Amino acid sequence: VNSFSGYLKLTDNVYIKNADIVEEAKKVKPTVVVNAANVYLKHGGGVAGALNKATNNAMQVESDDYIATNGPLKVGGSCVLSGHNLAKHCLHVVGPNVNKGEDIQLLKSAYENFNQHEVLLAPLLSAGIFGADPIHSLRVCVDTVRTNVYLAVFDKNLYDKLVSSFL
Ligand SMILES: CC(C)(C)C[C@@H](CO)Nc1ncnc2[nH]ccc12
Ligand SMILES: [Cl-]
């Protein structure tokens, strides 16, 4: 039993809700919140900009030190950093950005990072400003993640389409 509330159950392990991931994180304080990161951990917009703004830029400050030490992530890769005031940890996961010409096949590799964590609050990877089809992202999530994932979908209209079209 966990404190996630109001989710629709899609499969044994995947759950979905129309919600603002920032507000969800602030309410639940999950062990892991997933950020829709880029390889530079530059949190400018979309989910990343929103999560960073909610930390009063502390996520960006921590991320800049991480990159100075380690260099950029790989597309499809991840790193674990602090969750600041939102969660215990933030798993920064880089899905392919179609608007940069990146290989959509890397979306499965990106979701594999979730399997290193028993329970996660997450957005749909590569959706939104990353340019991929959110219906496809949900399918890859369901077919790749085996741990317990709680998906927050910001857009109510898209949420309804994802639910109604879910196989
Ligand atoms: C179409 C969507 C907006 C659902 C695309 C999604 C991509 O992951 N973005 C987000 N998802 C959940 N909470 C969020 N808060 C701020 C941005 C954001
Ligand atoms: Cl977005």
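Method of determination, as given in the entry header: X-ray crystallography; reported resolution: 1.0800 Å.

S.K.: Quick rundown of the pairing of strand β3 (residues 32-36)? Include the residues and the values.
M.R.: When you tally the buried positions in β3, you get five out of five residues, the bulk of the element. Burial along β3 is two-sided: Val 32, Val 34 and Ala 36 facing one way and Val 33 and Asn 35 facing the other are all buried. When β3 meets strand β5 (residues 89-93), the two strands line up parallel, connected through five bridges. Bridge pairing in β5 links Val 34 to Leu 91.

S.K.: So what about the site of ligand 1? Which residues, and what values?
M.R.: Around ligand 1 there are 13 residues in total, and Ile 21, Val 47, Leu 124, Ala 152 and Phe 154 lie nearest to it. At 3.4 Å, a backbone N or O of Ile 21 approaches a nitrogen atom of ligand 1. Contact between ligand 1 and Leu 124: an oxygen atom at 3.1 Å from a main-chain N or O atom of the residue. Relative to its free-state accessible area of 440 Å², ligand 1 is covered by the protein chains to the extent of 83%. At three residues, helix α2 (residues 46-54) tops the list of elements feeding residues into the shell around ligand 1.

S.K.: Got a sec to walk through the pattern of salt bridges? Specific residues and values, please.
M.R.: Scanning the model with the defined rule gives five salt bridges in all. For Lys 42, the salt bridge identified is with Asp 64, shortest N-O distance 2.8 Å. Remark: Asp 64 occurs in helix α3 (residues 58-70) and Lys 42 occurs in the loop between β3 and α2; sequence separation between them is 22 residues. Overall, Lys 42 belongs to the partly exposed group, its relative accessible area being 46%. Given a relative accessible area of 33%, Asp 64 falls into the partly exposed group. Across the pair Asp 160 and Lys 156 runs a salt bridge whose closest N-O atoms are separated by 2.9 Å. Remark: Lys 156 and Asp 160 occur in helix α6 (residues 156-165); sequence separation between them is four residues, near one turn of the helix. Taking relative accessible area as the criterion, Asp 160 reaches 34% and is therefore assigned partly exposed.

S.K.: Could you give an account of the packing of aromatic side chains, with specific residues and numbers?
M.R.: Applying the stated criterion across every chain yields a total of five aromatic pairs. A ring pair is formed by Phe 4 and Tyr 7, whose centres lie 5.7 Å apart and whose planes are at 90°; its orientation type is edge-to-face. As far as burial versus exposure is concerned, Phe 4 and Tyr 7 are alike and both buried. One aromatic cluster is present, formed by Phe 4, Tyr 7, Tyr 15 and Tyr 150 through successive ring pairs.

S.K.: Give me the pairing of β5: which residues, what numbers.
M.R.: Most of β5 sits out of view: four of its five residues are buried. In the sheet, strand β4 (residues 78-82) pairs with β5 via five bridges, with the strands oriented antiparallel. Pairing of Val 80 across the sheet is with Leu 91, part of β5. If you look at the hairpin formed by β4 and β5, you'll find six residues sitting between the two strands, and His 84 has a positive phi there, around 55°.

S.K.: Before we move on, could you go through the nonpolar core and cite the residues and values that matter?
M.R.: Ranked by internal contacts, the top residues of the largest apolar core, which has 26 residues, are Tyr 111, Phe 114 and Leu 151. Put simply, the parts of the chain that give this core at least two residues each are β2 (14-18), β3, β5, α4 (106-112), β6 (119-122), α5 (134-144), β7 (148-153) and α6. Tallying contributions element by element places α5 first for this core, with four residues. With sequence-adjacent residues up to four places away left out, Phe 114 is seen in contact with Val 34, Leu 91, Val 93, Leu 120, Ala 122, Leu 125, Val 145, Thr 147 and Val 149. Judged by nonpolar contacts, the second largest core, of 17 residues, contains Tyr 15, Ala 19, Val 22 and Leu 86.

Conventions used here
By convention in this text, residue numbers begin from 1 on each chain and track the written sequence, not necessarily the entry numbering, and residues missing coordinates are not displayed. In the order they appear in the text, chains get letters beginning with A and ligands get numbers beginning with 1. To get the side-chain values, take all heavy atoms of the structure and skip hydrogens and water. Partly exposed describes any residue whose relative accessible area lies between the buried limit of under 20% and the exposed limit of over 50%, with all areas from a 1.4 Å probe on protein chains only and scaled to the type maximum. Put simply, DSSP marks the helices as runs of H or I at least four residues long and the strands as runs of E at least two long, and each gets a number from the N terminus on. For two strands to be treated as a pair, DSSP must find no fewer than two bridges joining them. In these notes, residues near a molecule or strand are those with any non-hydrogen atom within 4 Å of it. Pairs of N or O atoms within 3.5 Å make up the polar contacts considered here, provided that, within protein, one atom can donate a hydrogen while the other can accept it, and that residues adjacent in sequence are counted only when both atoms are side-chain atoms. Only the protein chains shown count as covering a residue, and every accessible area follows the Shrake-Rupley method with a 1.4 Å probe. The term salt bridge refers to a side-chain nitrogen of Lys or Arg lying within 4 Å of a carboxyl oxygen of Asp or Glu. Aromatic pairing here means that ring centres of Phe, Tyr or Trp (its six-membered ring) are within 6.5 Å. Orientation follows from the plane angle: under 30 degrees is stacked, over 60 is edge-to-face, and everything else is tilted. We call a set of buried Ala, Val, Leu, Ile, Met, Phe, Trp, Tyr and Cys residues a nonpolar core when their side-chain atoms join them within 4.5 Å. Between two residues, a contact is recorded if the distance between any of their heavy atoms is within 4.5 Å.

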